[PDB]
Amino acid sequence: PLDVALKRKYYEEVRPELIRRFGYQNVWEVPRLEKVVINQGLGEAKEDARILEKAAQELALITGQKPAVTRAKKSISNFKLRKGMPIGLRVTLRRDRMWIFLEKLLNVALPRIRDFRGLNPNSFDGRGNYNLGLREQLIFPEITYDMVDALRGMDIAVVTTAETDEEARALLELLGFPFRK
Amino acid sequence: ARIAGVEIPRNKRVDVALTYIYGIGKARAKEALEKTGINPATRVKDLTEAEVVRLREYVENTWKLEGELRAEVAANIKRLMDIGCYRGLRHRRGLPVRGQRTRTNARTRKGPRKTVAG
Amino acid sequence: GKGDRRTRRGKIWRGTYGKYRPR
Amino acid sequence: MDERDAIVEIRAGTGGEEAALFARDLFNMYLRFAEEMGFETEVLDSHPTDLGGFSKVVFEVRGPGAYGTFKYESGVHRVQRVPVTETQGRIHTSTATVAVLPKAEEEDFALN
Amino acid sequence: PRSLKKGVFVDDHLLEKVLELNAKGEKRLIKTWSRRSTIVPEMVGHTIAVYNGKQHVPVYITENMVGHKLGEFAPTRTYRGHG
Amino acid sequence: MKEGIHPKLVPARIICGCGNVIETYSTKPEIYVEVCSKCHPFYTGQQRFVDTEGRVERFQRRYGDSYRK
RNA sequence: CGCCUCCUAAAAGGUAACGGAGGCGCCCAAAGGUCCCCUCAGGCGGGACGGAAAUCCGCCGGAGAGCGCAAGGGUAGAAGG
RNA sequence: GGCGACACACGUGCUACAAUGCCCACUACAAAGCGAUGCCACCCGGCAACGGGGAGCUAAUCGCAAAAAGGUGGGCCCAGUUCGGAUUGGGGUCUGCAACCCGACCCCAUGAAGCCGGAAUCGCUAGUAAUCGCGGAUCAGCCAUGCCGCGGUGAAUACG
RNA sequence: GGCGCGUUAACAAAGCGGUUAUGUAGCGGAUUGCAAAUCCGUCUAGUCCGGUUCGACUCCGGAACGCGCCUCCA
Ligand SMILES: [Mg+2]
Ligand SMILES: [Mg+2]
Ligand SMILES: [Mg+2]
Ligand SMILES: [Mg+2]
Ligand SMILES: [Mg+2]
Ligand SMILES: [Mg+2]
Ligand SMILES: [Mg+2]
Ligand SMILES: [Mg+2]
Ligand SMILES: [Mg+2]
Ligand SMILES: [Mg+2]
Ligand SMILES: [Mg+2]
Ligand SMILES: [Mg+2]
Ligand SMILES: [Mg+2]
Ligand SMILES: [Mg+2]
Ligand SMILES: [Mg+2]
Ligand SMILES: [Mg+2]
Ligand SMILES: [Mg+2]
Ligand SMILES: [Mg+2]
Ligand SMILES: [Mg+2]
Ligand SMILES: [Mg+2]
Ligand SMILES: [Mg+2]
Ligand SMILES: [Mg+2]
Ligand SMILES: [Mg+2]
Ligand SMILES: [Mg+2]
Ligand SMILES: [Mg+2]
Ligand SMILES: [Mg+2]
Ligand SMILES: [Mg+2]
Ligand SMILES: [Mg+2]
Ligand SMILES: [Mg+2]
Ligand SMILES: [Mg+2]
Ligand SMILES: [Mg+2]
Ligand SMILES: [Mg+2]
Ligand SMILES: [Mg+2]
Ligand SMILES: [Mg+2]
Ligand SMILES: [Mg+2]
Ligand SMILES: [Mg+2]
Ligand SMILES: [Mg+2]
Ligand SMILES: [Mg+2]
Ligand SMILES: [Mg+2]
Ligand SMILES: [Mg+2]
Ligand SMILES: [Mg+2]
Ligand SMILES: [Mg+2]
Ligand SMILES: [Mg+2]
Ligand SMILES: [Mg+2]
Ligand SMILES: [Mg+2]
Ligand SMILES: [Mg+2]
Ligand SMILES: [Mg+2]
Ligand SMILES: [Mg+2]
Ligand SMILES: [Mg+2]
Ligand SMILES: [Mg+2]
Ligand SMILES: [Mg+2]
Ligand SMILES: [Mg+2]
Ligand SMILES: [Mg+2]
Ligand SMILES: [Mg+2]
Ligand SMILES: [Mg+2]
Ligand SMILES: [Zn+2]
C-alpha cells in the first residue's frame with residue numbers, strides 16, 4: 001500500500017477524533033470506508049450506439065479501473081429497451097484506488113463543480129452509507145473539454161462499516177466532505 | 001471551463017471571447033484587458049496562462065458571473081412573485097413586465113401562437 | 001443596426017447621446 | 001316547471017339570411033345572460049348559415065331556476081335594422097322565434 | 001424612477017397616518033387613494049386599503065417590499081385567464 | 001487487477017490556478033486545474049464573494065428620512 | 001372427433017355424461033453434454049438526468065421469482081443465472 | 001381606476017435576418033424650419049443620461065447643428081455571429097403635485113425570434129423608385145417606428 | 001336460440017403487435033363587393049370487462065348493442 005494523502009488523514013486525524021467523539025472500546029468498532037462504487041446509468045446507448053466504450057474509457061481515466069457493463073434485468077417498452085441491453089457502467093473501488101479517487105474527488109472535483117453549495121446532508125443510507133450524484137465528467141481532473149463528446153454524469157456510493165448515520169456523518173465530514181446544511 | 005466555469009472560444013479576440021461568458025458584456029469585455037495589461041486584439045490560441053489566470057482571477061472575483069448571476073436574478077423575480085407585486089404576477093403568468101401592449105405582440109414573452117377556433 | 005441602442009447608429013436613429021455616440 | 005332546466009329553441013323567422021343572423025344575435029344574448037345567472041349552457045343542435053347565422057339553434061340552460069327565468073322569452077322577436085345583406089341601405093324588418101321547453105324525462109317504459 | 005435627489009415620495013397625508021399611529025399604539029385599517037406611494041419602514045406592520053378604482057383592498061405590508069409602491073399590490077385588472 | 005485492461009496509475013502533480021499543489025496519484029503525471037479546495041469560496045470559510053450583502057434592500061435604503069413628522 | 005394439464009374421481013390404480021376450465025399439432029445448434037462459479041421475487045431507505053418500473057448501494061426477504069409455450073407436479077443442498 | 005387588458009385573428013409601419021455588411025477612429029457636402037418660465041454657445045463635475053455654472057440671440061448676427069449616406073484608415077471572417085436588438089434583472093437621469101398600473105432617456109448585465117418569408121399581394125415611369133440622414137407641427141414629458149415637410153445619393157424597364 | 005360478421009374521431013370508412021390512414025366536414029389563412037367553388041395550411045380516435053405480451057385499436061375469452069343467415073319432419 002502506498003502513501004495516499006487522504007489515507008494518511010484518515011488514520012492520523014480521523015481515527016482518534018471518532019474514538020474521542022464516540023468512545024468505541026474496540027479498534028474495529030471505529031467506522032471505516034468499505035468501498036466506493038461508481039455507476040453511470042447511461043441507458044442512452046441502449047440501442048442508439050456503442051457510446052459506452054468511450055464512457056468506460058473516461059471512467060477508467062478517472063478511477064484507474066476499467067468498469068463493467070450493466071444490463072437490463074427485464075424488458076421495458078417505454079424505455080425503448082429490451083431485456084439484456086448494455087445500459088450502464090459500474091466500477092467498484094476498494095483500498096488505495098478508493099482513497100486516490102476520493103482524494104481527487106474532494107480536493108479538485110467537488111470544487112470544480114459548477115455552482116457548488118455542498119453535499120446534501122440528507123443523502124445518508126439511513127444505515128451509515130452515503131450516495132451522491134453528478135451531472136458531468138469534466139468535473140473530475142483527468143477529463144478535458146477536448147476529449148469530451150457527451151455530457152454524462154454518474155451516481156456515487158460510499159459504503160462504511162459504521163452502523164448509524166451519525167457515525168458515518170462524522171466519518172465523512174472528518175475526511176473533507178463539504179456538507180451544505 | 002477555461003474561465004468563470006466556461007471554456008472560451010479559441011481563434012477569437014480576447015474581448016469577444018469574454019462576452020462568451022454569462023455576465024460579461026462588451027463594456028466588461030474591455031475593462032479587464034486594459035486593467036490586466038492584456039492585449040485585447042489577439043487570439044486565445046496565443047495566450048500565456050499567466051495572463052489567463054490573471055484574467056480568470058480578475059473576472060471571477062470582481063464580477064458576479066455564470067452561476068451566481070443566474071441565481072441572483074432568479075431570486076429577485078421570485079421576491080416579486082412572493083410579495084404579490086405587479087411584476088411578480090406578470091412573471092408567473094408569462095405576460096410582459098415593462099408595460100408593453102398585449103393585444104397583439106409579446107410573442108417573445110408568450111412563445112409561439114396558440115391559434116384559436118372561432 | 002438602427003435599434004441596437006448600444007451602438008453609434010442605434011443612438012443616431014434615436015437621436016440621443018451617450019457612451020456609444022457622444023456630443 | 002320553473003325550477004327545472006330548460007331547452008331553448010331559436011329558429012330563424014321571416015327575413016331569410018338576416019333572420020338567421022339575428023337568430024345568432026338572440027343566441028349569443030342568451031348564452032351570456034346564462035353566465036350572468038350562474039347557469040350552464042350546452043348546445044344540442046346547431047344549423048349555421050355560411051354567413052354566420054343559424055337557421056335553428058337548440059341549447060339547454062342547466063341550473064336551478066332556468067325555466068323560471070328563460071320562460072319569458074318564448075315568442076317572436078322582431079328586428080328592425082339595415083341588414084348586412086342589404087345593399088341599397090334600406091331598413092328591413094325580420095323576425096326570429098324563441099321556444100322555451102322544460103327539460104324532459106327519458107322515463108323508461110315497461111309493461112305492467 | 002423619480003430621480004433620487006428629490007424626496008422619496010409619500011403623499012404625506014398618509015405617512016402621517018402611519019406615524020401618528022406609531023404614537024397612538026396602532027394598528028388600524030387605513031383606507032387610502034395614494035397608490036403612488038413608496039412603502040417606508042414606518043408602514044411595515046399596518047393594514048392599508050389600497051383602492052384600485054372600484055374597491056378597497058386590504059394590503060398588509062412586510063419587509064421585502066419597501067421600495068415598491070402601495071398601488072402595485074392592489075391591481076385593477078381582473079383576468080382569470082382566457083378560455 | 002487484470003492486466004492489459006487498466007490505465008496504470010502514476011504519482012501525479014495536480015495544479016490549481018492559486019499555486020495550490022496536491023500530492024496525489026492519477027492517470028496523468030500532471031494536470032492543471034483552475035479551482036481547488038484551498039481557494040474555493042464555499043471551502044475557505046464563508047469567503048463571501050461580492051455578496052457581502054445585508055440584502056441590502058430595502059428598508060435599509062435609508063436614502064432620505066427628510067420626510068417630516 | 002387425436003393428444004396434454006386440472007377438476008369431477010367417493011385419500012391405491014382406474015372410472016362416465018353434448019359435465020366445469022385450459023392448452024398441443026411447436027421449439028432449441030443451445031434452450032444440448034460436462035466442469036466451475038453464482039442465487040430470486042418483493043418491501044424500505046439512499047443515488048444526476050431517470051419516471052411506478054432502466055442502472056448503482058445498504059438492510060430485510062426460503063422462495064411467493066425463474067424454469068421457451070397450458071396446467072399440475074417438482075425445484076435455490078437447483079431443475080433457475 | 002380604465003381608455004395601455006390578451007386563448008386569438010387582420011391592416012398600416014418600424015427593425016432586421018448581414019460582407020455592396022457590421023463595428024471603431026478620423027474627414028467631409030445640404031436644404032427647410034424652430035427658437036425669451038425659449039434655442040442654447042463655451043467651460044467644469046458626470047462612462048452617460050444630465051447636473052452646475054455661463055456668453056450671445058427679441059434673432060441671414062446668437063443657437064438648435066452632428067447632417068447622414070459619403071470619404072480615408074483599421075478591425076470582425078461567414079459563425080444566430082463584432083448579424084439582430086427582443087426580453088428581463090439591477091443601478092441611475094428628467095419631467096411633472098404625482099412615473100405602480102402607465103412615460104421617456106442613460107448605464108451595466110441579459111443577446112430572444114429571425115438564414116429573406118406558403119396560397120397570395122402593394123408601390124413606383126426620372127431626379128421617380130430604392131436608400132440616406134435633417135426639420136417642424138402637437139408638446140411638461142412622451143410611448144413618433146406616425147404625419148407634414150426638407151435636401152443628399154440615385155437606377156431599372158415600358159415590345160406592346 | 002344457434003352460426004357468421006361488426007363496434008375506430010364530426011360523419012362515412014381502412015390498414016396495422018410498436019407508426020399524422022383516407023374522403024368530406026370543421027378550424028386559421030388566401031381570393032371574392034360578399035357567399036359558394038377554388039387555393040395555402042390544420043385537426044379531434046378505437047364499445048365495456050378480464051386475460052396474453054416488454055408493449056394491444058390491433059391477439060384471446062366474455063358481456064352489451066347492431067347486421068346477416070337458419071329454426072325443418074311432424
Ligand atoms: Mg480504542
Ligand atoms: Mg436522511
Ligand atoms: Mg454501514
Ligand atoms: Mg456576455
Ligand atoms: Mg426595470
Ligand atoms: Mg413601450
Ligand atoms: Mg399594456
Ligand atoms: Mg342585395
Ligand atoms: Mg494500484
Ligand atoms: Mg377414435
Ligand atoms: Mg394425435
Ligand atoms: Mg383416485
Ligand atoms: Mg385427485
Ligand atoms: Mg378411492
Ligand atoms: Mg395398473
Ligand atoms: Mg369424461
Ligand atoms: Mg457450431
Ligand atoms: Mg428447455
Ligand atoms: Mg436448461
Ligand atoms: Mg455449458
Ligand atoms: Mg427506491
Ligand atoms: Mg429509481
Ligand atoms: Mg414457482
Ligand atoms: Mg415468460
Ligand atoms: Mg401460453
Ligand atoms: Mg384610444
Ligand atoms: Mg409603426
Ligand atoms: Mg419645438
Ligand atoms: Mg435638434
Ligand atoms: Mg444567439
Ligand atoms: Mg433558429
Ligand atoms: Mg450587434
Ligand atoms: Mg405612466
Ligand atoms: Mg451579437
Ligand atoms: Mg448567413
Ligand atoms: Mg423578397
Ligand atoms: Mg404615371
Ligand atoms: Mg440602411
Ligand atoms: Mg414634442
Ligand atoms: Mg423625426
Ligand atoms: Mg336472438
Ligand atoms: Mg377497424
Ligand atoms: Mg364512424
Ligand atoms: Mg377504403
Ligand atoms: Mg386486412
Ligand atoms: Mg382527415
Ligand atoms: Mg379541410
Ligand atoms: Mg377555411
Ligand atoms: Mg377501446
Ligand atoms: Mg394490456
Ligand atoms: Mg388489454
Ligand atoms: Mg397503441
Ligand atoms: Mg378496442
Ligand atoms: Mg373481442
Ligand atoms: Mg324434409
Ligand atoms: Zn486553488
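Any value given below was found using the heavy atoms of this structure, including those in side chains, with hydrogens, waters and symmetry copies removed. Letters A, B, ... are given to chains in the order of the sequence lines, protein chains preceding strands, and every chain is numbered from 1.
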query = Tell me, for nucleotides 140-152 of chain H in 5' to 3' order, what letter each nucleotide earns: B for a base near a protein heavy atom under 4.0 Å, S for only sugar-phosphate near one, - for neither?
reply = -----B-------

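With a 5.5 Å centre cut-off and a 30° plane cut-off, the bases of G111(H) and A112(H) come out unstacked.
Within the structure, every side-chain polar atom (N or O) of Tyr86(B) is placed at least 4.0 Å from both OP1 and OP2 of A5(H). Regarding contacts with the backbone of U87(H), a side-chain N or O of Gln100(B) is found under 4.0 angstrom from either OP1 or OP2. Side-chain nitrogen and oxygen atoms of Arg90(A) include at least one within less than 4.0 Å of the OP1 or OP2 phosphate oxygen of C56(G). Here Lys54(E) does not reach the OP1 or OP2 of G2(H): none of its side-chain N or O atoms lies under 4.0 Å away.
Straight-line distance between the P atoms of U58(H) and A86(H): roughly 44 Å, to the nearest whole Å. With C1' as the reference atom, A130(H) and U125(H) are 14 Å apart, rounded to whole Å. Atom P of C43(H) sits at a distance of 33 Å from the matching atom of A104(H), rounded to the whole Å. To the nearest whole angstrom, the two P atoms, one in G154(H) and one in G21(H), are 15 Å apart.
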Identify all pairs in which a protein N or O lies below 3.5 Å from an N or O of nucleotides 18-24 of chain H, and state each distance.
| residue | atom | partner | partner atom | Å |
| --- | --- | --- | --- | --- |
| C24(H) | OP1 | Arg8(C) | N | 2.9 |

Name the pairs: protein N/O against N/O of nucleotides 89-96 of chain H, kept only if under 3.5 Å.
| residue | atom | partner | partner atom | Å |
| --- | --- | --- | --- | --- |
| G89(H) | OP1 | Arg87(B) | NE | 2.9 |
| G89(H) | OP1 | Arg87(B) | NH2 | 2.7 |
| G89(H) | OP2 | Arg98(B) | NH1 | 3.2 |
| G89(H) | OP2 | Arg98(B) | NH2 | 2.6 |
| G89(H) | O5' | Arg87(B) | NH2 | 3.0 |
| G89(H) | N7 | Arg98(B) | NH2 | 2.9 |
| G90(H) | OP1 | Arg79(B) | NH2 | 3.0 |
| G90(H) | OP2 | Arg87(B) | NH1 | 3.4 |
| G90(H) | OP2 | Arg87(B) | NH2 | 2.4 |
| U93(H) | OP2 | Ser3(E) | OG | 3.3 |
| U93(H) | OP2 | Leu4(E) | N | 2.8 |
| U93(H) | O5' | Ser3(E) | OG | 3.1 |
| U93(H) | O4 | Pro1(E) | N | 3.0 |
| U93(H) | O4 | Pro1(E) | O | 2.7 |
| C94(H) | OP2 | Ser3(E) | OG | 2.3 |
| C94(H) | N4 | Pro1(E) | O | 2.8 |
| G96(H) | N7 | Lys6(E) | NZ | 3.0 |
| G96(H) | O6 | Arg2(E) | NH1 | 2.6 |
| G96(H) | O6 | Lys6(E) | NZ | 3.1 |
| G96(H) | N1 | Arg2(E) | NH1 | 3.2 |

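In this structure, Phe140(A) and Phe101(A) have parallel ring planes: the angle between them is below the 30° cut-off, well short of the 60° mark.
At the heavy-atom level, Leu70(E) lies nowhere under 4.0 Å from the strands shown. Note on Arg36(E): a base of the nucleic acid sits closer than 4.0 angstrom, heavy atoms only. Heavy atoms of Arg93(B) sit nowhere under 4.0 angstrom from any nucleic acid atom. Residue contacts shown for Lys19(C) include a base, since a base heavy atom lies under 4.0 Å away. At a threshold of 4.0 angstrom between heavy atoms, the contacts of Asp125(A) include nucleobase atoms, whether or not backbone atoms are also involved. Note on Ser123(A): only backbone sugar-phosphate atoms sit closer than 4.0 angstrom, heavy atoms only; bases stay farther off. Residue contacts shown for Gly18(C) are limited to sugar-phosphate atoms, with no base heavy atom under 4.0 Å away. Here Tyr17(C) lies in heavy-atom contact (under 4.0 Å) with a base.
With a cut-off of 3.5 Å on both pairing distances, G96(H) has no Watson-Crick or G-U wobble partner at all.
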